[PDB]
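A single structure is presented below for examination.
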Amino acid sequence: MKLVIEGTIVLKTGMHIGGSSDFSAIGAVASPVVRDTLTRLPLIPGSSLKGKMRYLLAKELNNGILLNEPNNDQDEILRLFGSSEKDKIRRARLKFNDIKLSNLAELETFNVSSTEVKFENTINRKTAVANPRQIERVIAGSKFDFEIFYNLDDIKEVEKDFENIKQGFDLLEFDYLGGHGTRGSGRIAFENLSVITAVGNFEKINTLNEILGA
Amino acid sequence: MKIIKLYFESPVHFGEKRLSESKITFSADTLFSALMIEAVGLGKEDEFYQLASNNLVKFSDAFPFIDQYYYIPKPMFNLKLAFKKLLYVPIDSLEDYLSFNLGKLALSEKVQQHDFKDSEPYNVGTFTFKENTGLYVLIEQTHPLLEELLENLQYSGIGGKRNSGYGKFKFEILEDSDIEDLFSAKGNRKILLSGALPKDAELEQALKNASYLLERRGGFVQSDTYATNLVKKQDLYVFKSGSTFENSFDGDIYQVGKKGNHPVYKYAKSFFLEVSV
Amino acid sequence: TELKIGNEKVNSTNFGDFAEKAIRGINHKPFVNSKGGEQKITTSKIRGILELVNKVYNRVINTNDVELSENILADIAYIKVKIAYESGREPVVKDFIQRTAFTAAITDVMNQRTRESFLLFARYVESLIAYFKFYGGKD
Amino acid sequence: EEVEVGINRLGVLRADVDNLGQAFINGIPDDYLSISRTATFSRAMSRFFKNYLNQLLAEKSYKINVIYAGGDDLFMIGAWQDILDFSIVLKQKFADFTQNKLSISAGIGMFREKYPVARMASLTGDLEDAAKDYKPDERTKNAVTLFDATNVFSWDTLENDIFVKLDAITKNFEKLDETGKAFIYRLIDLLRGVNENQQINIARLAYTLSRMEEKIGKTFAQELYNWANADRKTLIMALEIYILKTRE
Amino acid sequence: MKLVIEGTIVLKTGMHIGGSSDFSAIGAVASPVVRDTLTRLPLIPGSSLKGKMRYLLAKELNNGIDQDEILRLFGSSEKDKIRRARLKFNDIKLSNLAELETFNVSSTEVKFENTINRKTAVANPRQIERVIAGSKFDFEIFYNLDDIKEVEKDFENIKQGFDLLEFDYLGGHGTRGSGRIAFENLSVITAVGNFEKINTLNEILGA
Amino acid sequence: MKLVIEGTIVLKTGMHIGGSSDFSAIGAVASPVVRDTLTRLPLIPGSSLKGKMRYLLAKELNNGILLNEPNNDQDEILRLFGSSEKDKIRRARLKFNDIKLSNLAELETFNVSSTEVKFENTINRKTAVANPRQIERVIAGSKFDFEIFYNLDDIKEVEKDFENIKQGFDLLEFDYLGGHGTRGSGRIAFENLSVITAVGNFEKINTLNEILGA
Amino acid sequence: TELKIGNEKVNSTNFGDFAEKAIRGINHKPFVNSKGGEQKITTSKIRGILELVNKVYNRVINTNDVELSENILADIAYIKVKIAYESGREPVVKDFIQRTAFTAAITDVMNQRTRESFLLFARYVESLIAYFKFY
């Protein structure tokens, strides 16, 4: 059958993510945040969430060090995120989605736009002159209601896979999600994590909703 | 002389010998075989076969048409003789012959993916007509069986990479006034407008001052009842539908195929446009 | 989509030409200051004007709506009164706002309240900073 | 693998001769017409295409495999840098052998190393006939098509304008240890934006070149601006080939 | 009897689809999306929809066995079980371009991605051109009714394939956050002939 | 393993920092302080603290002479604060975060708003004419609770890393954190410095919490 | 966001043109001191009016909620009474406030106690300053 992992990415700091390499204006914001083209909502790409979550979970399940190609991670990490070896191809169970901004209306109640322009520079240490930059971050405290599908191929491995899913979610809470992360941004948190089956009824869904509910 | 005009909503694939390539017209082999595949679902295969065999329904192959103009392939006249490269000529101006493009061709790259082995890419050569453009099939003495066999064929498609998904058209059987008297009138050299093959009793007089171009017609039979195996049918070498002649003939409905559960037919009758040269 | 400058309308095809023409109007005949000498506007004041219109440009481009919001037009009229304030401060700014007709263009976008008008005015100002740095600058 | 400093791409070249059939029929006048000249002219062209380009590939060890030979068609495949650097000298030596009477029309294509060779040949045939369909607006058929059907330049344009710009860019961007390729990518990102938004991208080009002429030099910035204002189609191609030749 | 299965695919995510042999510049989209060769609207091939529906249906309905309930729908040409394909998929073009020009957006976007090497931490930027989300795709799937006994099970299986595709992607880089589709306005109308029990087919879908 | 460095930044002086991204009235405060856009309570950007702490350790650990680029610091500075050298690159062990004003209850208990306006001016020497400015500083005594994640990659190097972090905090206690620092703003002070583990239990958390809580 | 002054609802957008014509009204028709003389308002008193207004503005921009606290209303009415005092001092300032209807605007902002009305009123006073310095 098919499962659905749905929750909320709430930002604790700015989280600049995505971008365009296009020449932004003379006075401008440079490297804007990635957006949905239609709604002009700020966006979390599903690729960015998958790549960062896979990297942290691959580093932790190794353990500690991780210095290989993405194709030959641990077999747990292959069986969640996928693999493209020559004879050991492993299909991805998880399927991430592009994540639009969830609480735009609540951010409108405070009468703030959903994104901010952060002012930054660097000081050239030989010459002590400043190199100003503007970057477009999402504002903090904004939510992102996601939805991750999970293939269910083996019934004896779903508890271990959802343990690793919750572990990747917990490890991502102590890192950033994109952009200038170590310079004070990118910090996210996961809220209201739960599992709902797509169609049908599951006999062992209480323990998955209990692993992901705590 | 009615006109089976075909407007296309989809890119089409009319294969010649390979899937990667496609021509812009379907031959009358394809049209007759398509119509009779539509007939066997109706339980009216023999009525259509005897309707064609008694020369009552007789159609050409597909020719291109643009807005108000009807084109035909270049008649390879045996002349004693830029304008050198014109693959299609109008049917209105042929007597005085003694600028043009419809859509474009493409190659739609595809795969057969698998989970645990690597995918197998392949190409399907398409052809997209313009929005004011399509193909037409000449027909003499239209028939209500023919009028309804086109009504089923527009919901099953014509061409090659049908069913997925390329043949889709919407016909209009139309009647014209300046190109029925191009067939009523006559000259002295008879050009061919169908994938014809003269019978063995008249081939040696069919080719006397002929200037032809043989085109091989083969391929696999398309039925789930013919000996329960996709098996090739014996190749038939017919004249091109842009060849000329001095002595007219009449082709045949050749049954190309050995042992099997139904006769696999191939339309090799002729359809001449007599002109003076 | 036009923008009346004095009486010569600029569209999205011939605004950078008139920005460069206005820079060569200001250059080659600069502002005599009644002290006797000739002065030109500093780079910090002109980049202040550029960031003044860019505080709205950061909020205009990320919206699809062809009709401007009431908050955006509020800041455009606020840009107009602020430019009128700086023009009253030093006349070197006043000659710049006169010859590169900033107030007349900002009135025109204040009248025809459409997103394309502000985008054209912003590209006009940005091209004007560009030709200020290129032609006759210290760099 | 032993192409060092470029992007590892195959280069395929085609080079039909412009109207050798018409030159065979009536390219030679009637007062000088005999069986001897009609024999020796076809002798000369077959001699060139089956011996002289073998000599040219041998004498400077170009990384090129050749398959065909003749004015009907040619088909060379190899390292893309050597294909691009050999197309001009094949043009120059064909215009020296034929002494500016017969011309060629090549089409060059960049392909990945494990691309289908049938599709490589078909696509470079498309680039070939794009070069043979070259003309100005009214109403010149010798041209080369570079990697894509829209970059159709004549041999004069490729050998002079593109290549002089490329050598000037390579000369002025090897002495600077910081500027490229990030500055060059930001230069292309607006040079290719001039087509959709003309005036603002030209102004941003002026601002960028005057802003960052402090490192590349005022002469190189002035000529980058002047080439980017006069012939933008050529400098975009020069910059693209420069970055492709300096990849990794 | 030819029935027409008519509906509309709305994209809830990007849905990059298809491959091209088109040449890419240096800063430019590698792997652009497939378009119609004349009108240049973004296009879903009928083969991509057909293969994805067959993949999901054969993944679900088979449990370690293909049996005939998939071969009668999509066709086969194996050595002994040759079946004529009942469904005739068609190339789906972009439907609501009039809606997207009301929202002042184009029909497609450029998605900027990269990969980080785990050993040298260097980026490797790619540009993939996806269709924008919220674009509808009106399709027509011709069904050829010749066995009136099993049209009920076949339309149940078609609806099951549609709602299995409601939870997976339709093509391209699907696992990394694109491809999510949704079906709406599914309706069945008899093209030639007059089918009696078309209400039960339109109530299998239209629910 | 992941450790969390947490503490408190109290301000002994004003600490104007940052720039908006906001219009200013005519006779009013030019250059407002950066604030967290949702609550719009004043902020210490993580980038500014990272830049000043990196400047101080890379200056001090060198010998006191610093003219190089950020990628030409010591191997210790590139180990912690990250680097982008082309061949042998380093991940940043410290992930800084945006730091919000924390003790607003204690500042509202004194019935004062969180930011003041400092009236300054310059005097022309030649003509003796003045030129006033108004800048927005935070008020002194206004604490800034922060937390920084430490990516623990090797056990045999963490004690020297935390000794160097404490050295950076002690260097930062003798300079300013942002803005017009030489004119009497920006002076900070670090207190309640402690280190906790994000998940699991570190073998020696006593000798690391001894260093910062010395 | 609306601000009715005398007969004119000034909204969040037309404050600049109305302040401009209010300043242009005092020019070409200036105040007479009743002594016969040649008088108009200085810049120090009008910028004293602005820095009375701006002492609340730069504390309002701390606040996100659109409901103004009652101490801010106390300070706004205190601005109104200090403007009453300074208009009581000299007839030039009184005639300025009567012509450029500051009293009507401050009554409107005390009537509708919201953040947007005070920001619009501060923009109106600020544009009055700007077009006084421009003209």
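Letters A, B, C, D, E, F and G mark the chains as written, and numbering starts fresh at 1 in each.
Methods note: contacts are C-beta pairs under 8 Å (C-beta built on N, C-alpha and C of every residue); 3 or more make two chains touch, one makes a residue touch a chain.
Looking at subunit B and subunit D, the chains in contact with each of them are A, E.
When chain centres are defined as mean Cα coordinates, G lies farthest from subunit E. Counting C-beta pairs in contact, the pair that comes out ahead of the other among A-E and F-G is A-E. Centre-to-centre separation of subunit E and subunit F, using mean CA positions: 53 Å. Chain geometry summary: the mean Cα position of subunit D and that of subunit G are 71 Å apart. Inter-chain centre distance (subunit E to subunit G, centres taken as mean C-alpha positions): 64 Å.
Contacts with at least two other chains are made by residues 185, 189, 204, 207 of subunit D. With touch defined as above, residues shared between interfaces to two or more other chains in subunit E number as follows: 21, 27, 103, 105. Counting only residues that touch two or more partner chains, subunit G has 64, 123, 126, 129-130. Every residue of subunit A that touches subunit F in the complex is listed here, in rising order: 12-14, 64-65, 107, 110, 112, 116-120, 122-123, 125-126, 139-142, 170-171, 174-176, 180-185, 187. Within the complex formed with subunit G, the residues of subunit A that make contact are 110-112. Only residues 70-71, 73-74, 77-78, 80-82, 84-85, 87-89 of subunit C touch subunit G when the two sit together in their complex. The touching residues of subunit G, counted against subunit A in their complex, run 64, 66.
Subunit A makes touch with subunit C in their complex at residues 25-29, 32, 35, 40, 113, 115, 117, 136.
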